[PDB]
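Novice: Sharing data_7.pdb here; it has PDB, N, CA and C atoms and all ligand atoms.
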```pdb
ATOM      1  N   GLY C   1      96.109 101.911  25.804  1.00  0.00           N
ATOM      2  CA  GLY C   1      96.355 102.311  27.176  1.00  0.00           C
ATOM      3  C   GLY C   1      95.558 103.536  27.561  1.00  0.00           C
ATOM      4  N   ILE C   2      96.041 104.258  28.565  1.00  0.00           N
ATOM      5  CA  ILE C   2      95.391 105.488  29.006  1.00  0.00           C
ATOM      6  C   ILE C   2      95.190 106.495  27.869  1.00  0.00           C
ATOM      7  N   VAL C   3      96.136 106.549  26.930  1.00  0.00           N
ATOM      8  CA  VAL C   3      96.032 107.455  25.779  1.00  0.00           C
ATOM      9  C   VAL C   3      94.913 107.041  24.815  1.00  0.00           C
ATOM     10  N   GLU C   4      94.809 105.746  24.561  1.00  0.00           N
ATOM     11  CA  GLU C   4      93.706 105.239  23.773  1.00  0.00           C
ATOM     12  C   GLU C   4      92.398 105.511  24.522  1.00  0.00           C
ATOM     13  N   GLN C   5      92.432 105.305  25.830  1.00  0.00           N
ATOM     14  CA  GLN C   5      91.253 105.413  26.672  1.00  0.00           C
ATOM     15  C   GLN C   5      90.662 106.814  26.671  1.00  0.00           C
ATOM     16  N   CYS C   6      91.521 107.817  26.871  1.00  0.00           N
ATOM     17  CA  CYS C   6      91.083 109.169  27.228  1.00  0.00           C
ATOM     18  C   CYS C   6      91.303 110.253  26.168  1.00  0.00           C
ATOM     19  N   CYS C   7      92.276 110.052  25.286  1.00  0.00           N
ATOM     20  CA  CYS C   7      92.599 111.065  24.284  1.00  0.00           C
ATOM     21  C   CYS C   7      91.935 110.766  22.939  1.00  0.00           C
ATOM     22  N   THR C   8      92.104 109.539  22.455  1.00  0.00           N
ATOM     23  CA  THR C   8      91.524 109.138  21.175  1.00  0.00           C
ATOM     24  C   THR C   8      90.005 109.013  21.280  1.00  0.00           C
ATOM     25  N   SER C   9      89.548 108.236  22.258  1.00  0.00           N
ATOM     26  CA  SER C   9      88.145 108.251  22.654  1.00  0.00           C
ATOM     27  C   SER C   9      88.074 108.979  23.995  1.00  0.00           C
ATOM     28  N   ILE C  10      86.902 109.012  24.615  1.00  0.00           N
ATOM     29  CA  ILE C  10      86.710 109.778  25.840  1.00  0.00           C
ATOM     30  C   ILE C  10      86.798 108.884  27.066  1.00  0.00           C
ATOM     31  N   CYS C  11      87.056 109.473  28.233  1.00  0.00           N
ATOM     32  CA  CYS C  11      87.100 108.683  29.460  1.00  0.00           C
ATOM     33  C   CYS C  11      86.521 109.433  30.655  1.00  0.00           C
ATOM     34  N   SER C  12      86.188 108.692  31.709  1.00  0.00           N
ATOM     35  CA  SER C  12      85.611 109.277  32.918  1.00  0.00           C
ATOM     36  C   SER C  12      86.696 109.557  33.953  1.00  0.00           C
ATOM     37  N   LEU C  13      86.396 110.412  34.933  1.00  0.00           N
ATOM     38  CA  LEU C  13      87.353 110.672  36.007  1.00  0.00           C
ATOM     39  C   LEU C  13      87.521 109.415  36.858  1.00  0.00           C
ATOM     40  N   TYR C  14      86.554 108.511  36.762  1.00  0.00           N
ATOM     41  CA  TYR C  14      86.634 107.257  37.493  1.00  0.00           C
ATOM     42  C   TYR C  14      87.595 106.281  36.831  1.00  0.00           C
ATOM     43  N   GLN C  15      87.665 106.290  35.501  1.00  0.00           N
ATOM     44  CA  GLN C  15      88.646 105.456  34.816  1.00  0.00           C
ATOM     45  C   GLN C  15      90.053 105.915  35.158  1.00  0.00           C
ATOM     46  N   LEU C  16      90.245 107.231  35.257  1.00  0.00           N
ATOM     47  CA  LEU C  16      91.550 107.788  35.612  1.00  0.00           C
ATOM     48  C   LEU C  16      92.041 107.275  36.965  1.00  0.00           C
ATOM     49  N   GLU C  17      91.107 106.995  37.871  1.00  0.00           N
ATOM     50  CA  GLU C  17      91.465 106.510  39.193  1.00  0.00           C
ATOM     51  C   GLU C  17      92.197 105.184  39.110  1.00  0.00           C
ATOM     52  N   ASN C  18      92.034 104.482  37.996  1.00  0.00           N
ATOM     53  CA  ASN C  18      92.724 103.207  37.831  1.00  0.00           C
ATOM     54  C   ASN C  18      94.241 103.375  37.789  1.00  0.00           C
ATOM     55  N   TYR C  19      94.704 104.593  37.506  1.00  0.00           N
ATOM     56  CA  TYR C  19      96.138 104.836  37.310  1.00  0.00           C
ATOM     57  C   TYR C  19      96.788 105.506  38.516  1.00  0.00           C
ATOM     58  N   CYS C  20      96.024 105.640  39.594  1.00  0.00           N
ATOM     59  CA  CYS C  20      96.575 106.092  40.866  1.00  0.00           C
ATOM     60  C   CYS C  20      97.418 104.969  41.474  1.00  0.00           C
ATOM     61  N   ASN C  21      98.435 105.322  42.259  1.00  0.00           N
ATOM     62  CA  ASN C  21      99.216 104.311  42.963  1.00  0.00           C
ATOM     63  C   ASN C  21      98.482 103.856  44.219  1.00  0.00           C
TER      64      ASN C  21
ATOM     65  N   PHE L   1      79.902 114.065  37.728  1.00  0.00           N
ATOM     66  CA  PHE L   1      81.073 114.038  36.860  1.00  0.00           C
ATOM     67  C   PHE L   1      80.692 113.594  35.442  1.00  0.00           C
ATOM     68  N   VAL L   2      81.544 113.924  34.475  1.00  0.00           N
ATOM     69  CA  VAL L   2      81.264 113.667  33.059  1.00  0.00           C
ATOM     70  C   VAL L   2      82.512 113.178  32.327  1.00  0.00           C
ATOM     71  N   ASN L   3      82.318 112.577  31.150  1.00  0.00           N
ATOM     72  CA  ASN L   3      83.432 112.122  30.316  1.00  0.00           C
ATOM     73  C   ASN L   3      84.045 113.278  29.530  1.00  0.00           C
ATOM     74  N   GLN L   4      85.242 113.071  28.994  1.00  0.00           N
ATOM     75  CA  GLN L   4      85.854 114.088  28.134  1.00  0.00           C
ATOM     76  C   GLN L   4      87.115 113.603  27.420  1.00  0.00           C
ATOM     77  N   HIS L   5      87.496 114.320  26.361  1.00  0.00           N
ATOM     78  CA  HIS L   5      88.741 114.065  25.637  1.00  0.00           C
ATOM     79  C   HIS L   5      89.890 114.766  26.363  1.00  0.00           C
ATOM     80  N   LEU L   6      90.889 113.998  26.785  1.00  0.00           N
ATOM     81  CA  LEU L   6      92.048 114.554  27.492  1.00  0.00           C
ATOM     82  C   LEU L   6      93.351 114.106  26.831  1.00  0.00           C
ATOM     83  N   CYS L   7      94.089 115.054  26.265  1.00  0.00           N
ATOM     84  CA  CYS L   7      95.325 114.743  25.552  1.00  0.00           C
ATOM     85  C   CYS L   7      96.526 115.479  26.125  1.00  0.00           C
ATOM     86  N   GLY L   8      97.715 114.931  25.885  1.00  0.00           N
ATOM     87  CA  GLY L   8      98.952 115.580  26.293  1.00  0.00           C
ATOM     88  C   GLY L   8      98.933 116.015  27.749  1.00  0.00           C
ATOM     89  N   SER L   9      99.398 117.233  28.012  1.00  0.00           N
ATOM     90  CA  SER L   9      99.574 117.703  29.385  1.00  0.00           C
ATOM     91  C   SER L   9      98.244 117.761  30.118  1.00  0.00           C
ATOM     92  N   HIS L  10      97.153 117.906  29.371  1.00  0.00           N
ATOM     93  CA  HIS L  10      95.841 117.946  30.007  1.00  0.00           C
ATOM     94  C   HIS L  10      95.474 116.641  30.711  1.00  0.00           C
ATOM     95  N   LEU L  11      95.894 115.517  30.153  1.00  0.00           N
ATOM     96  CA  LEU L  11      95.616 114.223  30.771  1.00  0.00           C
ATOM     97  C   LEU L  11      96.363 114.121  32.097  1.00  0.00           C
ATOM     98  N   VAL L  12      97.601 114.571  32.068  1.00  0.00           N
ATOM     99  CA  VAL L  12      98.451 114.547  33.238  1.00  0.00           C
ATOM    100  C   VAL L  12      97.928 115.491  34.321  1.00  0.00           C
ATOM    101  N   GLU L  13      97.366 116.628  33.905  1.00  0.00           N
ATOM    102  CA  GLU L  13      96.746 117.554  34.854  1.00  0.00           C
ATOM    103  C   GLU L  13      95.546 116.918  35.550  1.00  0.00           C
ATOM    104  N   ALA L  14      94.740 116.220  34.758  1.00  0.00           N
ATOM    105  CA  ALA L  14      93.593 115.481  35.279  1.00  0.00           C
ATOM    106  C   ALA L  14      94.024 114.385  36.260  1.00  0.00           C
ATOM    107  N   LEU L  15      95.074 113.643  35.914  1.00  0.00           N
ATOM    108  CA  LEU L  15      95.574 112.590  36.807  1.00  0.00           C
ATOM    109  C   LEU L  15      96.021 113.189  38.141  1.00  0.00           C
ATOM    110  N   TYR L  16      96.619 114.375  38.094  1.00  0.00           N
ATOM    111  CA  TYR L  16      97.063 115.018  39.315  1.00  0.00           C
ATOM    112  C   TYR L  16      95.870 115.380  40.200  1.00  0.00           C
ATOM    113  N   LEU L  17      94.808 115.916  39.598  1.00  0.00           N
ATOM    114  CA  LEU L  17      93.613 116.305  40.350  1.00  0.00           C
ATOM    115  C   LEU L  17      92.955 115.105  41.016  1.00  0.00           C
ATOM    116  N   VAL L  18      92.776 114.038  40.243  1.00  0.00           N
ATOM    117  CA  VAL L  18      92.074 112.832  40.698  1.00  0.00           C
ATOM    118  C   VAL L  18      92.868 112.043  41.738  1.00  0.00           C
ATOM    119  N   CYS L  19      94.167 111.878  41.506  1.00  0.00           N
ATOM    120  CA  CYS L  19      95.002 111.029  42.370  1.00  0.00           C
ATOM    121  C   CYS L  19      95.629 111.762  43.553  1.00  0.00           C
ATOM    122  N   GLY L  20      96.017 113.014  43.321  1.00  0.00           N
ATOM    123  CA  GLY L  20      96.650 113.839  44.338  1.00  0.00           C
ATOM    124  C   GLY L  20      97.769 113.155  45.108  1.00  0.00           C
ATOM    125  N   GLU L  21      97.653 113.165  46.430  1.00  0.00           N
ATOM    126  CA  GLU L  21      98.700 112.632  47.288  1.00  0.00           C
ATOM    127  C   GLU L  21      99.022 111.162  47.024  1.00  0.00           C
ATOM    128  N   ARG L  22      98.080 110.420  46.445  1.00  0.00           N
ATOM    129  CA  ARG L  22      98.315 109.002  46.156  1.00  0.00           C
ATOM    130  C   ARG L  22      99.440 108.789  45.158  1.00  0.00           C
ATOM    131  N   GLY L  23      99.638 109.764  44.277  1.00  0.00           N
ATOM    132  CA  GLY L  23     100.579 109.609  43.183  1.00  0.00           C
ATOM    133  C   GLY L  23      99.922 108.856  42.051  1.00  0.00           C
ATOM    134  N   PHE L  24     100.574 108.826  40.901  1.00  0.00           N
ATOM    135  CA  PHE L  24     100.033 108.107  39.750  1.00  0.00           C
ATOM    136  C   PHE L  24     101.173 107.734  38.830  1.00  0.00           C
ATOM    137  N   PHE L  25     100.886 106.876  37.859  1.00  0.00           N
ATOM    138  CA  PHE L  25     101.841 106.624  36.797  1.00  0.00           C
ATOM    139  C   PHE L  25     101.224 107.018  35.469  1.00  0.00           C
ATOM    140  N   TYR L  26     102.061 107.549  34.588  1.00  0.00           N
ATOM    141  CA  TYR L  26     101.632 107.976  33.271  1.00  0.00           C
ATOM    142  C   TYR L  26     102.497 107.192  32.320  1.00  0.00           C
ATOM    143  N   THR L  27     101.901 106.218  31.647  1.00  0.00           N
ATOM    144  CA  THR L  27     102.667 105.325  30.792  1.00  0.00           C
ATOM    145  C   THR L  27     102.032 105.169  29.413  1.00  0.00           C
ATOM    146  N   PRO L  28     102.373 106.087  28.493  1.00  0.00           N
ATOM    147  CA  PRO L  28     101.849 106.106  27.125  1.00  0.00           C
ATOM    148  C   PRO L  28     102.318 104.881  26.350  1.00  0.00           C
ATOM    149  N   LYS L  29     101.677 104.626  25.211  1.00  0.00           N
ATOM    150  CA  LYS L  29     101.977 103.463  24.377  1.00  0.00           C
ATOM    151  C   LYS L  29     102.976 103.809  23.274  1.00  0.00           C
TER     152      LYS L  29
HETATM  153 CL    CL N   1      94.109 122.482  23.771  1.00  0.00          CL
HETATM  154 ZN    ZN N   2      96.062 122.620  25.661  1.00  0.00          ZN
END
```
What is this file in structure tokens?

Specialist:
Amino acid sequence: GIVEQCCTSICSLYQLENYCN
Amino acid sequence: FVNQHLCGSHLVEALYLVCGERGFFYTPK
């Protein structure tokens, strides 16, 4: 999930937008 | 913009900046 995406490996601010409502 | 490692409260801080008024969900595994 988001934790695998951004904490374990790296992620972009654009990927984070996927979790906006 | 650039990529980065974001863990714990820092990830949630980032979600707040990016989403703002839209709101977001934080659902760890
Ligand atoms: Cl730290
Ligand atoms: Zn810290």

Novice: Looking only at helix (DSSP H, G or I) from DSSP on the backbone, list the matching residues of chain C as a PyMOL selection string.

Specialist: chain C and resi 2-8+13-19

Novice: Limited to N, CA and C atoms, could you put the picked residues into a file as an mmCIF file, keeping the file's coordinate frame?

Specialist:
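Printed below is result08.cif as written:
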```
data_model
loop_
_atom_site.group_PDB
_atom_site.id
_atom_site.type_symbol
_atom_site.label_atom_id
_atom_site.label_comp_id
_atom_site.auth_asym_id
_atom_site.auth_seq_id
_atom_site.Cartn_x
_atom_site.Cartn_y
_atom_site.Cartn_z
ATOM 1 N N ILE C 2 96.041 104.258 28.565
ATOM 2 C CA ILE C 2 95.391 105.488 29.006
ATOM 3 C C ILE C 2 95.190 106.495 27.869
ATOM 4 N N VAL C 3 96.136 106.549 26.930
ATOM 5 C CA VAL C 3 96.032 107.455 25.779
ATOM 6 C C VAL C 3 94.913 107.041 24.815
ATOM 7 N N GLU C 4 94.809 105.746 24.561
ATOM 8 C CA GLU C 4 93.706 105.239 23.773
ATOM 9 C C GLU C 4 92.398 105.511 24.522
ATOM 10 N N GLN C 5 92.432 105.305 25.830
ATOM 11 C CA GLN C 5 91.253 105.413 26.672
ATOM 12 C C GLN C 5 90.662 106.814 26.671
ATOM 13 N N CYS C 6 91.521 107.817 26.871
ATOM 14 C CA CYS C 6 91.083 109.169 27.228
ATOM 15 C C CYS C 6 91.303 110.253 26.168
ATOM 16 N N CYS C 7 92.276 110.052 25.286
ATOM 17 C CA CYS C 7 92.599 111.065 24.284
ATOM 18 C C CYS C 7 91.935 110.766 22.939
ATOM 19 N N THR C 8 92.104 109.539 22.455
ATOM 20 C CA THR C 8 91.524 109.138 21.175
ATOM 21 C C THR C 8 90.005 109.013 21.280
ATOM 22 N N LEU C 13 86.396 110.412 34.933
ATOM 23 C CA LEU C 13 87.353 110.672 36.007
ATOM 24 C C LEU C 13 87.521 109.415 36.858
ATOM 25 N N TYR C 14 86.554 108.511 36.762
ATOM 26 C CA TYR C 14 86.634 107.257 37.493
ATOM 27 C C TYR C 14 87.595 106.281 36.831
ATOM 28 N N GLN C 15 87.665 106.290 35.501
ATOM 29 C CA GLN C 15 88.646 105.456 34.816
ATOM 30 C C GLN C 15 90.053 105.915 35.158
ATOM 31 N N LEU C 16 90.245 107.231 35.257
ATOM 32 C CA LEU C 16 91.550 107.788 35.612
ATOM 33 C C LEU C 16 92.041 107.275 36.965
ATOM 34 N N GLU C 17 91.107 106.995 37.871
ATOM 35 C CA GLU C 17 91.465 106.510 39.193
ATOM 36 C C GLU C 17 92.197 105.184 39.110
ATOM 37 N N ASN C 18 92.034 104.482 37.996
ATOM 38 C CA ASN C 18 92.724 103.207 37.831
ATOM 39 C C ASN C 18 94.241 103.375 37.789
ATOM 40 N N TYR C 19 94.704 104.593 37.506
ATOM 41 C CA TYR C 19 96.138 104.836 37.310
ATOM 42 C C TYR C 19 96.788 105.506 38.516
#
```

Novice: Using the chain letters and residue numbers of this document, give as a PyMOL selection string the residues selected by the PyMOL selection byres (((chain L and resi 18 and name CA) around 8) and not hetatm and name CA).

Specialist: (chain C and resi 13+16-17) or (chain L and resi 14-17+19-20)

Novice: Hey, which residues sit close to ligand ZN 2 (chain N)? Say within 9 Å, counting only C-alpha atoms and all ligand atoms, and write them as a PyMOL selection string.

Specialist: chain L and resi 7-10

Novice: Could you please tell me, as a PyMOL selection string, which residues of chain L have an atom within 6 Å of chain C when using all atoms listed in the file?

Specialist: chain L and resi 2-7+19+22-25+28

Novice: One number please: atom CA of residue L:27 to atom N of residue L:12, in Å, one decimal.

Specialist: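 Those two atoms sit 10.6 Å apart.
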